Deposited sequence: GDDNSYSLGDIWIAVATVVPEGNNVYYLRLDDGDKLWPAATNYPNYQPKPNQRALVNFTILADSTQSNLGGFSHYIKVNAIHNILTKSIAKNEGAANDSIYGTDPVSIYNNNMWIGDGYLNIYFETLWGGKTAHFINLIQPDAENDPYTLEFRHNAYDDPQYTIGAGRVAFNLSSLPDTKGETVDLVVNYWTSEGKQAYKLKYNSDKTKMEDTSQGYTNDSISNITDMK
């Protein structure tokens, strides 16, 4: 009855929007508890919804935006300093590709004092375009408790894979060092020099 899922908000006019799920299904709000919600292009959200009739009609019970960003500019030697080296925790299955985004659920230590900067960068987009780094800067935030966070990164700036699938390597830093997660990525959502030859 009640479903909870990450969705992409797709605007249409004024405050009208539909929701696109990772498996590509579209959901059209027939009712809502948040009628003053402002849909934005290219924004993901955690949505609590009830199916009304089965593309489907729904009631939006709640909708909580997930921080949604594009891949940030490489800053070279200044990456550690700008983007941070503050460790996080990501379990297997808490990172996934859905609707052309890289989606992450991660944990870290928070203190309530300073906003953390969350990014995805390509250390070498020319030679290694499908190798990314998930970066976290806590700055001077005390480490008082464990807290969870969600983010989505728009992957549409990665080179076109044509309609083939490639390996996407995402590196991140933990308390026991650098780790990697390997996902399959195809620029064609449907099917879900360096690129001209293999």
- Query: What are the unmodelled segments when the structure is compared with the full deposited sequence, in sequence order?
  - Reply: 1-9, 64-72, 211-223
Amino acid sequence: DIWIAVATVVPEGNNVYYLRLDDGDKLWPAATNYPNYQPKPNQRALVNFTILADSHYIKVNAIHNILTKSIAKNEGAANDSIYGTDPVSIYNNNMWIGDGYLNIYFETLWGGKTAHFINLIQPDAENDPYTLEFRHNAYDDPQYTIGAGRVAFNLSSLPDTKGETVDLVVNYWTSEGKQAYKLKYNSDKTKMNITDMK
From here on, numbers count along this sequence of modelled residues.
- Hey, what third does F153 fall into on Cα B-factor, ranked over its chain? lowest
- Query: Thinking about Cα B factors across the chain, which third does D160 belong to?
  - Reply: middle
- Item | For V6, the third of its chain into which the C-alpha B factor falls | middle
- Query: Is the Cα B-factor recorded for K26 in the lowest, middle or highest third of its chain?
  - Reply: highest
- Split the chain's modelled residues into thirds by Cα B-factor; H64 lands in the middle
